[PDB]
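Single-letter residue listing:
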Amino acid sequence: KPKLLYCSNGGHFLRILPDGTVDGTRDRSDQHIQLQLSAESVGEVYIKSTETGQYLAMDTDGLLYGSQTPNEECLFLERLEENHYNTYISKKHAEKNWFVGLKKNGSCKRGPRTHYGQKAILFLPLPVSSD
Ligand SMILES: O=S(=O)([O-])c1ccc2c(S(=O)(=O)[O-])cc(S(=O)(=O)[O-])cc2c1
């Protein structure tokens, strides 16, 4: 686990499946839930689940998905929610403020149902590239 992400309240750990599906696990423990960001400019950053090559994106469906094409979709409107994490915003649908989080239960969302208000987006990165 040279790198992994964690949700504030959610207490889950985003995961990227090599099948082409995303989600969150109350506790990191899957084939590969590795994560990684690639900020390219304030209010616009990238994310690549370093492992298989899955870029954390959000299709028009508003459901976290992979995109082999890093452009106006894979990006993630990132700014600052608190003073540590990095609450992004589906740049593919920022007009709906479809943040990047996962129901504090164990199951991401899809479409209109991913807007901050508590602390289920506050993603705390805990990388440690040491292997
Ligand atoms: O930031 S977010 O748009 O990913 C998001 C989404 C859902 C949330 C819910 S939910 O309606 O699924 O029971 C509860 C809470 S709470 O009051 O326990 O901190 C925070 C949430 C944050």
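Within the PDB entry, the label attached to the protein chain reads ACIDIC FIBROBLAST GROWTH FACTOR, and the organism entered is Homo sapiens. Its PDB title, taken directly from the record, is "NMR STUDY OF ACID FIBROBLAST GROWTH FACTOR BOUND TO 1,3,6-NAPHTHALENE TRISULPHONATE, 26 STRUCTURES". Its UniProt record gives the protein chain a comment under Sequence similarities, which states: "Belongs to the heparin-binding growth factors family."

Turning to the layout of surface pockets, a few remarks are in order. In this structure, the largest pocket spans a volume of roughly 380 Å³. Lining the largest pocket are 15 residues, with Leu102, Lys103, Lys104, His115 and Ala120 sitting closest to its centre. A per-class count over the lining of the largest pocket returns 4 nonpolar, 6 polar and 5 charged.

Taken together, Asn9, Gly101, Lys103, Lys104, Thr114, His115, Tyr116, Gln118, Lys119, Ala120 and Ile121 form the complete shell of residues around the ligand. At 3.5 Å from an oxygen atom of the ligand is found a side-chain nitrogen or oxygen belonging to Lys104. Between the ligand and the protein, one listed contact pairs an oxygen atom with a backbone N or O atom of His115 at 2.4 Å. Computed on the free molecule, the ligand has an accessible area of 540 Å², of which 72% lies beneath the protein chains in the complex. The pocket occupied by the ligand, as judged from atoms lying within 2 Å of grid points, is the largest pocket.

The rules behind the values
Residues numbered from 1 in each chain as written, not as in the entry; some residues may be left out. Heavy atoms only, no water. UniProt positions renumbered as here; feature names shortened; annotations may be inferred. 1 Å grid on protein atoms, 1.4 Å probe; cavity = no way out; pocket = protein on both sides within 12 Å on 5 of 7 lines; lining within 4 Å. Points joined across faces, edges and corners; volume = space filled by probe spheres on them. Nonpolar A, V, L, I, M, F, W, Y, C, P; charged D, E, K, R; others polar. Near = heavy atom within 4 Å. Polar contact = N/O pair within 3.5 Å; in protein donor to acceptor, adjacent residues only side chain to side chain. Areas by Shrake-Rupley, 256 points an atom, 1.4 Å probe, with all protein chains shown as cover. Sits in = over half its atoms within 2 Å of the grid points.

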